[PDB]
Structures are given as C-alpha cells and as structure tokens.
Amino acid sequence: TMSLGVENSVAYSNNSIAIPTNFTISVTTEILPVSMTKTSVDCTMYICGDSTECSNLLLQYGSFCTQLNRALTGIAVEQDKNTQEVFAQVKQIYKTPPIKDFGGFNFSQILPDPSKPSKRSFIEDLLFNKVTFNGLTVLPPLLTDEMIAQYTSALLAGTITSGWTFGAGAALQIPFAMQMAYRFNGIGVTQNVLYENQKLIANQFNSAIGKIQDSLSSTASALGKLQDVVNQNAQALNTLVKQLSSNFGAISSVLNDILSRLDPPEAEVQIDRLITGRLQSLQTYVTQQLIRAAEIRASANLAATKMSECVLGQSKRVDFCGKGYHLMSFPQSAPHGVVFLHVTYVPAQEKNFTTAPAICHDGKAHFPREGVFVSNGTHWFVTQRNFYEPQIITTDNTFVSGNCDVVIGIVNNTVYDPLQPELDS
Amino acid sequence: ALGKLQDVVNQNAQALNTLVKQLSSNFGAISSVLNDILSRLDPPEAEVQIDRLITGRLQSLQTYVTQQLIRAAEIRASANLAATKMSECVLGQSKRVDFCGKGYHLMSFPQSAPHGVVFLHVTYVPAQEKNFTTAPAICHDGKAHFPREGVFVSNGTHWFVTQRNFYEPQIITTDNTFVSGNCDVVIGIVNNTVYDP
Amino acid sequence: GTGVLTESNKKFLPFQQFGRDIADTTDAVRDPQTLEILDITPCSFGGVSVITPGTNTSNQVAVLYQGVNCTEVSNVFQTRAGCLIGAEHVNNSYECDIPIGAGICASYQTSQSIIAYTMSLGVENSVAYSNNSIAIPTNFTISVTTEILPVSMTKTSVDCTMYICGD
Ligand SMILES: *[C@@H]1O[C@H](CO)[C@@H](O[C@@H]2O[C@H](CO)[C@@H](O)[C@H](O)[C@H]2NC(C)=O)[C@H](O)[C@H]1NC(C)=O
Ligand SMILES: *[C@@H]1O[C@H](CO)[C@@H](O[C@@H]2O[C@H](CO)[C@@H](O)[C@H](O)[C@H]2NC(C)=O)[C@H](O)[C@H]1NC(C)=O
Ligand SMILES: *[C@@H]1O[C@H](CO)[C@@H](O[C@@H]2O[C@H](CO)[C@@H](O)[C@H](O)[C@H]2NC(C)=O)[C@H](O)[C@H]1NC(C)=O
Ligand SMILES: *[C@@H]1O[C@H](CO)[C@@H](O[C@@H]2O[C@H](CO)[C@@H](O)[C@H](O)[C@H]2NC(C)=O)[C@H](O)[C@H]1NC(C)=O
Ligand SMILES: *[C@@H]1O[C@H](CO)[C@@H](O[C@@H]2O[C@H](CO)[C@@H](O)[C@H](O)[C@H]2NC(C)=O)[C@H](O)[C@H]1NC(C)=O
Ligand SMILES: *[C@@H]1O[C@H](CO)[C@@H](O[C@@H]2O[C@H](CO)[C@@H](O)[C@H](O)[C@H]2NC(C)=O)[C@H](O)[C@H]1NC(C)=O
Ligand SMILES: *[C@@H]1O[C@H](CO)[C@@H](O)[C@H](O)[C@H]1NC(C)=O
Ligand SMILES: *[C@@H]1O[C@H](CO)[C@@H](O)[C@H](O)[C@H]1NC(C)=O
Ligand SMILES: *[C@@H]1O[C@H](CO)[C@@H](O)[C@H](O)[C@H]1NC(C)=O
Ligand SMILES: *[C@@H]1O[C@H](CO)[C@@H](O)[C@H](O)[C@H]1NC(C)=O
Ligand SMILES: *[C@@H]1O[C@H](CO)[C@@H](O)[C@H](O)[C@H]1NC(C)=O
Ligand SMILES: *[C@@H]1O[C@H](CO)[C@@H](O)[C@H](O)[C@H]1NC(C)=O
Ligand SMILES: *[C@@H]1O[C@H](CO)[C@@H](O)[C@H](O)[C@H]1NC(C)=O
C-alpha cells in the first residue's frame, strides 16, 4: 500500500509562531512542450501511390482527402504559432554587456556560448543532447533552433540587465543586486536582507545552477515530457505506415500486385477494399493528430503565460513559477519545448516564538504596521513575517486602535517613543 | 484585426459547405441524387445503389460532428480565457504580466463583437527614461540607510530618493529611509547626509 | 513498379530474391539476369506552394517545391524547405512577411519583385548595464490596446435522416 507522505503534526497553539531565521535560494526546472513535428500526408499518394486506377476510384469519395490535408496543414501552422507565442515575447534583441558585474551572480551556464556554431547556452546544449517516403513528409519549423536560442538569449539578457521593465516598456537598466532587492520586496522580505546576505544569496544561486547542470548532465530522462511527445508522434506515424500492409479483405495489400495480376473489372474490387481501409486509417490518424495538437496548443499557451508572468515579471500566484516564493525565472530553449529555471525563496531555519496579536502600553492597543510581535522568552520585539529580524517595539513600528478590552490575546508591554529622549534632553 | 473572429466564422461555413457538397458524391452509386435512383430502378436494384450513398453520407456526417466537437473544445478554451479576462481585467486590476495587455494594466473595457468579445486594455507605459547614478544604501553616521519605498538616485552631484516607476526626486530624510546595520556589509554603499526633520 | 533503381550494398543471401519495407513494399530486388541487388526508391515528390502577394497587389508569384532539391524540377534558390523559384534571395533581413520555413520568409519589395530572405527577430539593443547606473522614466504614456477573443460558434442541428435519406 503506497505511502502518501511523512506524517507531521504542526506544533500549533494560540500563542506560538514559527519564524524562519534563514533561507535557501532554490532553482527548479519546469519543462513544457511548445510544438510538435509538422507532418503532412498526401492523401492520394498514401492511399493510391502512383496509381491512376486507384485514384479514379478514390475520386468517388468526394473531398475526404482535401479536408484531411486541410486539417494537417492547420496543425502544422499552429505549431509555428505556438512557438512564436512562447518565444517571440521580446520586442528587441537584448544582449548582455561584456562586463558581468552582476553582484556576484553567475549566469555563464545559461548565457550563450559564442564559441559554438549555434550560440546556445551550456544548459541548452545539454537539453538538446538529452532529447533524441509513402506520401509522408516533414515540414521544417519556421523558426530555426538558432532563432529560438536567440529569443531565449534576448529574454535572459533583458531580465538580467533590466528586471521586469523590458516586458512593460523600454528596458530600463538597473544593477542586478538592486533588482534582487526589488524581488525580495516583492516576496515580503525587507531588502536589507538581500544586501546584508548578498554573497550568501549569490553563492546559493550559483550552487543551485550548478546542481541543475549536474542533474541534466547525469539523469538522461530529465526531459521526459518532450520525449513523450516525440514518441507519440513516432508511434502514430509508424502505425499509419504499417496500416499499408493490411489487406482489408483484398487478395494483396500491394496495389501493384493487384494491378499486375488482375484485369480492371476484378482489380477494382480489391482496390476498393484497399481504399476503404487506408482511408479509415488516414482518418483515424488525422483525428488523433487533431486531439494531440489541441493538447500541445494548451501546453504552449501555458508556456507563453509562464514566460510572460515568470520571466517578464514576478508572480504572486502560488506554485505557478515553481515551489516557493517566486524570485525570477530564466528560459532555456529545448527541442520542441521550453525549460524554465525558477529561482524561488524558501525559508530555511525556523524557530519557535511566543506571539501576541497586539500590545498594551497606556490603555491603547498597538498593532504592527508591518510584521508580527514575537517574544524570545522575556522581551518582546516586532519582526518581519518571513525573516527573523527582531526590533524594539516603538511607535514607528506599530499603530494604535482603541483600547485593550477587545483584543483576544493582547499582552502588556512598553512601546518605546523615539521623540521622548530628544524632548527630555 | 478582427481576423480571429472571421476565421472562426469561415471555419464553420467551410465545414457546412463541405457537408453539403458531400451530398453530390456518388460513393460508388450510379447517381448522387436519391430520387433519380428511386425513379429509375426497382427496389431490389435501388437498395444496392442506396446503400453506397448511405455509407458515404453517414461517414461524412460523422466527420462533420467530430470536427465540430474538436472546434467546440477550442472555442470553449477561448471562451474560458475570455471569462477569466473579463473577471481579472474588467472587474479588477491584474498584476499578471501581459494578461490584460502590454504594459502596467490600469483597466479594461469590454465590447461585444459577433460571436466574440473585444477588450480595450488601458495600460501605463513608462515613456522618457533618464540615466542616474544609484546606490543600494547610504551611510550617514556609520549606519546603512535603505529606501522605504523607492531607489536612491544621483543627478551627478546630489543624492535623492525617488519612486521607482516615475522620476520624482526628493531629499533623503529619516522618513524616506530606514536603518539596518553598519556600513561594512552593503556592497556599493555611498556616503551622503540623511536629513532629520 | 515505378521508381529509381540504384546499386545497393545490401547483403542478400543466395535464396533471397527481394526485400520488403515496413509498409510491405518491395524496397530492393535481385536482377534476374545479372544477379545484383538493386535498391528501389520513390522517384521524387512533394507539395507545391505558391507564394503570392495579394492579387490586388500583383499577379507575380513564386513557387516552392517542398522538400525537393533544385535539380529535380529565372531565380532558383535552395532552401531547407525545398526549392524556391521566382524569388530573389537577398542578403538583407526583414520581418517575416510570408513564411517559407527554416527561417526563410518571402515578401514583395522593390521594378518590384518577390524576394526571399532570412527573417530578422528584431533590432539589436545592448542595455547600458553597470553596477551603479539606473534608468528611470521621467514621463509616461497611456496605451489602449485591443484584444479580440472568440466566445462562441454557430449552433447547428443536423437532421440525420433528412441529410442521408431526405424524404
Ligand atoms: C544560512 O544558511 C547558509 C547555508 O545555506 C549558511 O551558510 C553556511 O555557513 C556555514 C558556517 O558558517 C558554512 O560552513 C557554509 O559554507 C555556508 N554555506 C554557504 C552556501 O555559504 C548560513 O550560515 C546560515 N545562516 C544562519 C544565520 O543560520
Ligand atoms: C561561472 O561558473 C563557471 C562554471 O560554473 C566558471 O567557469 C569555470 O572557471 C574556472 C576558473 O575560472 C575553471 O577552472 C572551470 O573550468 C570553469 N568551468 C567552466 C564550465 O567554464 C566561471 O568562471 C564563473 N564565472 C565567474 C565570474 O566566476
Ligand atoms: C531576549 O532578548 C533580550 C534582548 O536581546 C536579551 O537581553 C539581553 O541579553 C544579552 C545577552 O548577552 C545582554 O547582553 C543584553 O544586555 C540584554 N539586554 C536587555 C535589555 O536585557 C534576553 O536575554 C533574551 N532572552 C532570552 C531568553 O534569550
Ligand atoms: C495588563 O495591565 C493592566 C493594567 O496595567 C492590567 O489591568 C489591571 O488588572 C488588575 C487585576 O484585575 C486590576 O486590579 C487593575 O485595576 C487593572 N489595571 C487597570 C489600569 O485597569 C491587566 O491585568 C494586565 N494584564 C495581564 C495579563 O497581566
Ligand atoms: C542636481 O540637483 C541639485 C538640486 O536640484 C542641483 O542643485 C541646485 O541646482 C540649481 C540649478 O538651477 C541651483 O539653482 C540650486 O541652488 C542648486 N541647489 C543646491 C542645494 O545646490 C544640482 O545642480 C544638480 N546637478 C546636476 C549635475 O544636475
Ligand atoms: C565614507 O566615510 C567614511 C568615514 O567618513 C570613510 O571611511 C574612512 O576611510 C578613510 C580612508 O579609507 C580612513 O582613513 C578612515 O579611517 C575611515 N573612517 C571611518 C570612520 O571608517 C569612507 O571611506 C567613506 N566612503 C567613501 C566611498 O568615500
Ligand atoms: C516548537 O515546539 C514544538 C513543541 O512540541 C516542537 O515540536 C517544534 O519542533 C518546535 N519548533 C521549532 C521550529 O523548533
Ligand atoms: C490560549 O490557550 C491556553 C491553553 O491552555 C489558554 O489557557 C489561554 O486562555 C488561551 N488564550 C486565550 C487568549 O484564549
Ligand atoms: C544612458 O547611458 C547609455 C550609455 O551608452 C546611453 O547609450 C544612453 O543613451 C543613456 N540614456 C539616455 C536616456 O540618454
Ligand atoms: C563596479 O564595477 C567597476 C568596474 O569598472 C568596479 O571598479 C567597481 O568596484 C564596481 N563597484 C563595486 C561596488 O564593486
Ligand atoms: C488594394 O489594397 C490597397 C491597400 O492595400 C487598397 O487601398 C485598394 O483599395 C485595394 N484594391 C482593391 C481593388 O480593393
Ligand atoms: C542537391 O544535390 C546536389 C548534388 O546532387 C547536392 O550537392 C546538394 O547538397 C543537394 N541539396 C541539398 C540541400 O543538400
Ligand atoms: C551575399 O553576400 C555574399 C558575400 O559574403 C555574396 O557571396 C552573395 O552572393 C550575396 N548574396 C546575394 C543574393 O547577392
């Protein structure tokens, strides 16, 4: 019987609060299919390959072939539409400066490699390494892998040099550590936490990126969702081709043997059976392809939404841009898909404290302007909610509302007045 | 610009036309007109020619209905997106990037269109950016000061604190900033005087 | 059959007279007189696309033979999508106007003719990044943009018996 997880009772009480004293910078990988192979099937060639006797019999079925061709063409066009929507989200082609003074953060393994013919990143090369004549043709995608790599490079450069300003207007430059301070504000952490732990945070980010590289270079089946799409398309085409060996009640499945051995009056009877069977096979293939293409389009719409809301911005949606408090995201092109490296903030080392909703000083109830009241056992401080930074409770930390006869759990403590010593002195 | 709607219309029309044209196919019969078969042949021979038409036309109807199901699923996805956009752009103000247009979403207005909706997304776009020197913090008395809301900027000689999305420089005071620690940690910290009202 | 016969390196056993493919088509044969193995391949085939500006604009068109080399088939240009005939390849790069494939797009431009090119992805823009420089907007614009979303399709009911067996 499977285990649903490790049981864990939360140490809940009416005056106990756990507050993180540290953090970790997580970098998680999310892989989304964006497009699939653009296949085309010449319906007449597949059913009646180079046979006029069979073609004139297939003309009796109306326009069944032309609408199968129309459906496949629509699928092939929407594949390019999917790729364009996901990756053509940057109006200008941004490139990072030759100076990499990004506050100690190292993006060398996600930035392009000029040495290689295709200016892919190291991780993009890992991704592209990890994913592997009967009327059937494959149409090349409109955007080459070099163009998708250029789009991802432009998105990465815009994010790294300007933050989220390039997705709203003109890309406005800002030092990267100040951008990370903006992200820390956006997740509810005061920005002095970023500045005072800048080297630690940068080291954690670099280590997480290195772990991404190691995992990709080690675990072969990392891009299983892309390989699943590739295998599905391969299986569909293999079934379509192998259906050409079915007799469907004819003497032979080879149209040329039937035409060589039989006269037209008897040959037509067998050719009709072959036409019926192969037409059914083509229709089944095209319907399955339409359903699969709808699934791929849904995946690509999700990928474009994630590009916009995680790479071009900082998302407040929970678990939309990775597990944890989203800081930023980096796109990496993958074969027929995209990879998002979600940098998130994970509180790390929490400690128990005694807490109160409010505090009484002079018959007035005080509440934190920002943060929560905590006690280390004897003294009361006001800390920010996602990081333990205790501070003396003053009249700038808090605000008053009414008296102390209403709040449930209110504790007696003194609220320091910064103006009092100045006035007394 | 209205292509997204017209295409849908076209698609529907096309499908129907195809279906109608499938009634002019013999499917192996001597004629694609049923009265011609009935008016010329006896039932024993009429049934043979009618079965082919029945098979072909049933296949055509099944094709039409399956295509309609797939297209209806696509239209359902589009309409769910349109309802989410109505909720989050017309009935609110979205922080989601590029969900209610390109820029910082201010509001949205709906307009009915044939078989569709049009959203007029009003967004805020920064226009005329200037370069400034900037610091992550400021040192006054061995204490590091950080902006409560905004960024420290310098026009070359003097240091102000401005809001981040619009240049409105202001004097750096103890009300614009907050203190946390000393000046031995913050990388890039600069010396300036913090005013005390 | 029909196709192209080429000398093959397949190592037929003495008792084998032909080989078959997955679709059960004869892929190779043994010549009955000079007992050599021949590979049989389909001659050459592929779709034919017509690249046109609006007939309102011009009646001049280019033709793409999809997935065919520029030898089986003015201006002849070998693309990865196939052979393009009637389009003048240009070393400039513009926005994609009519997509051909593999990064190649076609447009009608200036004496006017259809040209093919490698499409541009946008204008290069190196952001003036440094560790103490910040760009801050001093003004703003209010932009109203239109998004069009389909909501419904036409509700159709088909009388099965009247469509198939009308009266
Ligand atoms: C917060 O956690 C980090 C690790 O994520 C701690 O940094 C480690 O500190 C130890 C001892 O000083 C070193 O041996 C490690 O090399 C450090 N790791 C890294 C990645 O720098 C940090 O000390 C923790 N801070 C608190 C207050 O607990
Ligand atoms: C960013 O990280 C890469 C590797 O993760 C660093 O490149 C390494 O540099 C050291 C010494 O400079 C070499 O011994 C390694 O062989 C390099 N590895 C690779 C994969 O190139 C790079 O120096 C880092 N950037 C900065 C600014 O420190
Ligand atoms: C709770 O915090 C207060 C304030 O930090 C602690 O009181 C201080 O303890 C340190 C211990 O070295 C002394 O140096 C300070 O002079 C004390 N200040 C005051 C105002 O008392 C207190 O000990 C802490 N309590 C617990 C249980 O950790
Ligand atoms: C918090 O302080 C207030 C006042 O300092 C306390 O209220 C006193 O309660 C006692 C016991 O009932 C009365 O005899 C006093 O008259 C009250 N003082 C006033 C000014 O009303 C209150 O009890 C304290 N709370 C706790 C939990 O100790
Ligand atoms: C940066 O801004 C400060 C304050 O706005 C400028 O100082 C003022 O410059 C004006 C010039 O018209 C003088 O009239 C004021 O008397 C100056 N005030 C002070 C307190 O110096 C400063 O010139 C600006 N520097 C640059 C390079 O633009
Ligand atoms: C900001 O001011 C402080 C002090 O006013 C400067 O620190 C002094 O630096 C000099 C030269 O390095 C030393 O001789 C002094 O002893 C330092 N004084 C103190 C109190 O630390 C600091 O260098 C200034 N920062 C900048 C960027 O000019
Ligand atoms: C808080 O106290 C409870 C007491 O049962 C303990 O189980 C829990 O681990 C404590 N939390 C922390 C973060 O130490
Ligand atoms: C909190 O829970 C304890 C549990 O014994 C109880 O004694 C106390 O009265 C509670 N506090 C409030 C404000 O109800
Ligand atoms: C900011 O500095 C860069 C440095 O080259 C310059 O290109 C840019 O034009 C400057 N910004 C403005 C608004 O002039
Ligand atoms: C910013 O980069 C320059 C490189 O020209 C360097 O000299 C300077 O020390 C850097 N600033 C900080 C705060 O390290
Ligand atoms: C051809 O297009 C132009 C603009 O693209 C338009 O002004 C003109 O009316 C069009 N011609 C016709 C016959 O509609
Ligand atoms: C077309 O054929 C020639 C020689 O037959 C060959 O050199 C060329 O590479 C072929 N085209 C492509 C695109 O490979
Ligand atoms: C493009 O420039 C190259 C020179 O590098 C030249 O060989 C080639 O002929 C040019 N292309 C055209 C279409 O003129």
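Residues numbered from 1 in each chain as written, not as in the entry; some residues may be left out. Chains lettered and ligands numbered in written order. Part of a larger assembly, values for the part shown. Heavy atoms only, no water.

What to know about the overall build of chain A
In step 1: Helix and strand content of chain A: 12 helices and 15 strands.
In step 2: At 32 Å, chain A has a C-alpha radius of gyration far larger than the 22 Å of a compact globule built from 425 residues.
In step 3: If one aligns the C-alpha atoms of chain A with their principal axes, the spans along those axes are about 120 × 55 × 40 Å.
In step 4: Residues counted as buried form 51% of the 425 residues belonging to chain A.
In step 5: For chain A, the accessible area works out to roughly 19,400 Å², and carbon and sulfur atoms hold 52% of it.
In step 6: In chain A, 28 side chains carry a positive charge and 34 a negative one; their mean positions are 2 Å apart. (Helix = DSSP H or I, 4+ residues; strand = E, 2+ residues; numbered from the N terminus. Rg over C-alpha atoms; globule rule 2.2 N^0.38 Å. Buried < 20%, exposed > 50% of the residue type's maximum accessible area, 1.4 Å probe, protein only. Areas by Shrake-Rupley, 256 points an atom, 1.4 Å probe, with all protein chains shown as cover. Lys, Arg positive; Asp, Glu negative; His and termini not counted. Charge placed at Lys NZ, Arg CZ, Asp CG, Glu CD.)

Things to note about the overall build of chain C
In step 1: Broken down by element type, chain C carries one helix and 15 strands.
In step 2: Taking 2.2 N^0.38 as the reference for a compact globule, 167 residues should give roughly 15 Å; the C-alpha atoms of chain C span a radius of gyration of 28 Å, well beyond that estimate.
In step 3: Overall, the C-alpha framework of chain C stretches about 85 × 65 × 45 Å when taken along its three principal axes.
In step 4: Burial statistics for chain C: of 167 residues in total, 32% are counted as buried.
In step 5: By element, 49% of the accessible surface of chain C is carried by carbon and sulfur atoms, the whole surface being about 10,200 Å².
In step 6: Separation between the mean location of the 6 positive side-chain charges and that of the 15 negative ones in chain C comes to 13 Å.

Quick word on the site of ligand 1
All names here are of chain A.
In step 1: Around ligand 1, the structure places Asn22, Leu200, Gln204 and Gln349.
In step 2: Taking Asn22, its side chain carries an N or O atom lying 2.4 Å from an oxygen atom of ligand 1.
In step 3: One of the side-chain nitrogen or oxygen atoms of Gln349 is found 2.9 Å away from an oxygen atom of ligand 1.
In step 4: For ligand 1, whose free accessible area comes to 580 Å², the fraction covered by protein is 31%.
In step 5: Each residue belonging to the shell around ligand 1 can be placed in one class, and the counts come to one nonpolar, three polar and no charged. (Near = heavy atom within 4 Å. Polar contact = N/O pair within 3.5 Å; in protein donor to acceptor, adjacent residues only side chain to side chain. Nonpolar A, V, L, I, M, F, W, Y, C, P; charged D, E, K, R; others polar.)

A short note on the interface of chain C and chain B
In step 1: Each partner contributes residues to the interface: chain C has 29 residues there, and chain B has 58 residues.
In step 2: Buried area between chain C and chain B, both sides added, is near 4,000 Å², and the carbon and sulfur share of it is 63%.
In step 3: Ranking the residues of chain C by area buried against chain B places C:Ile148, C:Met153 and C:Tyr163 at the top, with a combined share of 19%.
In step 4: The tally of links from chain C across to chain B stands at one salt bridge.
In step 5: A salt bridge links C:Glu147 to B:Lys85; its shortest N-O distance comes to 3.4 Å.
In step 6: When residues of the side of chain C that touches chain B are traced back to their parent elements, those giving at least two are β14 (133-137), β15 (140-150) and α1 (160-165) of chain C. (Contact = heavy atoms within 4.5 Å. Buried area = accessible area lost by both parts, 1.4 Å probe. Salt bridge = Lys/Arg side-chain N within 4 Å of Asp/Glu carboxyl O.)

Digging into the pairing of strand β5 (residues 143-147) of chain B
Residues and elements named next belong to chain B.
In step 1: When you tally the buried positions in β5, you get four out of five residues, the bulk of the element.
In step 2: Relative to β5, strand β4 (residues 138-139) runs antiparallel, the two sharing two bridges. Its bridge partner lying in β5, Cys139 is registered against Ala144.
In step 3: Between β4 and β5, which pair antiparallel in sequence order, lie three residues; one of them, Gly142, sits at a positive phi of approximately 75 degrees.
In step 4: Bridge count for β5 against strand β9 (residues 177-182) is four bridges, and the pairing is antiparallel. Bridging across to β9, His145 finds its partner in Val179. (Pairing = 2+ DSSP bridges.)

Some details on the UniProt feature "disulfide bond" in chain A
Residues and elements named next belong to chain A.
In step 1: Judged by the 2.5 Å criterion, the disulfide between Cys43 and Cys65 that UniProt reports is present, the sulfurs being 2.0 Å apart. Of this pair, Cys43 sits in helix α1 (residues 43-48) while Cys65 sits in helix α3 (residues 64-87), placing them 22 residues apart in sequence.
In step 2: For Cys43, a relative accessible area of 1% puts it in the buried group.
In step 3: The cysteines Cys310 and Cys321 that UniProt joins by a disulfide are bonded here; their SG atoms are 2.0 Å apart. One end of the pair, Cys310, is in helix α11 (residues 264-311); the other, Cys321, is in the loop between α11 and β6 (325-334), and 11 residues separate them in sequence. (Disulfide = S-S within 2.5 Å. UniProt positions renumbered as here; feature names shortened; annotations may be inferred.)

A closer look at the interface of chain C and chain A
In step 1: Taken together, the contact pairs 35 residues of chain C with 39 residues of chain A.
In step 2: In this assembly, chain C packs against chain A so that about 3,100 Å² is buried in total across both faces, 66% of it on carbon and sulfur atoms.
In step 3: Ranking the residues of chain C by area buried against chain A places C:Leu121, C:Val127 and C:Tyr129 at the top, with a combined share of 26%.
In step 4: The interface formed by chain C and chain A contains 10 residue pairs in polar contact.
In step 5: Listed by contribution, the elements that provide at least two residues to the side of chain C that touches chain A are β10 (98-101), β11 (104-109), β13 (124-126) and β14 of chain C.
In step 6: Examining the composition of the side of chain C that touches chain A, we find that four residues originate from one element, β14(C), more than from any other.
In step 7: Considering only residue class, the side of chain C that touches chain A consists of 20 nonpolar, 12 polar and three charged.
In step 8: Relative to β13(C), strand β4 (residues 93-95) of chain A runs parallel, the two being bridged by three bridges. Residue pairing for β13(C): A:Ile93 is matched across the bridge by C:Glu124.

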